[PDB]
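In order, the protein sequences belong to chains A and B. Under our numbering, the first residue of the first sequence carries the number 1, and numbering increases by one thereafter. Under our numbering, the first residue of the second sequence carries the number 264, and numbering increases by one thereafter.
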Amino acid sequence: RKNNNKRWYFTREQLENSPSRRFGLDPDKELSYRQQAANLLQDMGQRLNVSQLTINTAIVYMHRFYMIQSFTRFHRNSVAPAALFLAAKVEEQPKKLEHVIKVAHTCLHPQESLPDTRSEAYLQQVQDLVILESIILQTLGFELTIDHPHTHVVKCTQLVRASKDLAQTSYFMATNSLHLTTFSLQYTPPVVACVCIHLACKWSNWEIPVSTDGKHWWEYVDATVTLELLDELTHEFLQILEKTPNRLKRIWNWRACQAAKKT
Amino acid sequence: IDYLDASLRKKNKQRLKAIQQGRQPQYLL
RNA sequence: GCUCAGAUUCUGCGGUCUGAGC
Ligand SMILES: [Mn+2]
Ligand SMILES: [Mn+2]
C-alpha cells in the first residue's frame, strides 16, 4: 500500500543518508550507538524480568525509530526505556512506568540514591517518557506488531538433521541480527533467518544435506535466495562481528554466558 | 555489558555522584 | 592516535586540561 512493505526497508545508499547523518557525527559512531542502545534494552529487560522476545521487539522499534529521527535530538539512553516500556506492553508482559524507570536508573546510575518518588525531578521524568511514548508511536506509524527471524528459524531446525547442541546456536545467533547488525532494516525476517543459520553452522561444522527431489534445503523458508548473497552477508555479519573493538564482554552473558553449567 | 560506556557516561556518573555535596541531578535518568 | 586513573557546576549522557602504563 502506502506501503504494505516498502515501509520499513532501506538501501545501503539510504542508511548512509541516515537522518542522524544530516547531523554532525559519524557512521563509525552511529553503527556504534545502535548496538549500545539495544545493548541497554537487554540489560533492563533482564532486570525487569521480561521475555527475551520483548527485548527484541524493543530493539526493532529502536532500530526503526532512528531511521526517522537523529540521535542528536533523541538520545538513545532515554528512548531505550521508553520503548522497552511500550514493547512489554505489546508483547504482553506489562511492567509499570515507575517500575521501568526505577530500573533504568540503577542501570545508568549504579551508585545513586534510589529515586525519590515525589521529587519534581521524578514527576518530570515520568512526565517525559510519557510524551516520548506518544512519539515512539507516532513514529513507527502505529505499526507495532513486529515479525522476527526467530519465528522462522524455529521452523527449519530439526526439519533437518541438526544436533540441538548446534540447532539452537541459530536461535541465539538471530538475536544478533538485532544487537549488532543493521540487518533488521535491510532484508526480511525469512531472508535474515536464512543467514543466522548458514553462518551458525559454519562455526558448527555441520552442514545442510540438500533435499532429494530437486530443490535446495534453504529454498523452503524463502522464495528468492542465493548463496551469492548469503555468503555475501555472512561476510558483512562477521567483519561487523569483528569490526568490533573487542567490546564483547557480550550481550546476554550476565550470568548466562558459559555453556550450561559446570563452574 | 556496557551501554555504560567508559566514559562519556561513566564520567557524568562521576559528576553527578559528586554534587553529593548539596547539588542534585537535574535530569537523572 | 586507542585505553584506563585525577580535574571541570564549561554541559544532558560529549567538548576541554593534567599525569602515569602500553
Ligand atoms: Mn564458543
Ligand atoms: Mn625501561
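Beta carbons are placed, not taken as given, at the ideal position from N, Cα and C, and that holds for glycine.
Contacts between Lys276 of chain B and chain A, judged by CB atoms closer than 9 angstroms, involve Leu108, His109, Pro110, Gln111 and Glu112 in chain order.
Taking a cut-off of 8 angstroms on C-beta distances, the segment 10–20 of chain A does not touch the segment 236–252 of chain A, as fewer than three cross pairs fall below it. With respect to chain A, the C-beta atom of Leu267 of chain B has a partner C-beta closer than 8 angstroms. Contact check between the segment 46–54 of chain A and the segment 94–112 of chain A: three or more CB pairs, one atom from each, fall below 8 angstroms, which counts as touching. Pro81 of chain A: member of the alpha helix (DSSP H) spanning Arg76 to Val90, first to last residue. For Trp203 of chain A, the enclosing alpha helix (DSSP H) begins and ends at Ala200 to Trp203. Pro149 of chain A: member of the alpha helix (DSSP H) spanning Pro149 to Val153, first to last residue.
Within the same chain, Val160, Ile208, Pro209, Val210 and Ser211 come within 7 angstroms of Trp217 of chain A by CB-CB distance, once the 5 residues on both sides are set aside. Taken in chain order, the members of the segment 63–85 of chain A whose beta-carbon sits within less than 9 angstroms of a beta-carbon on chain B are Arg76, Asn77, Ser78, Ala80 and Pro81.
Secondary structure at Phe237 of chain A: helix, using DSSP grouped into helix, strand and coil. In terms of Cβ geometry, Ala38 of chain A and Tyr61 of chain A do not form a close pair [threshold 8 angstroms].
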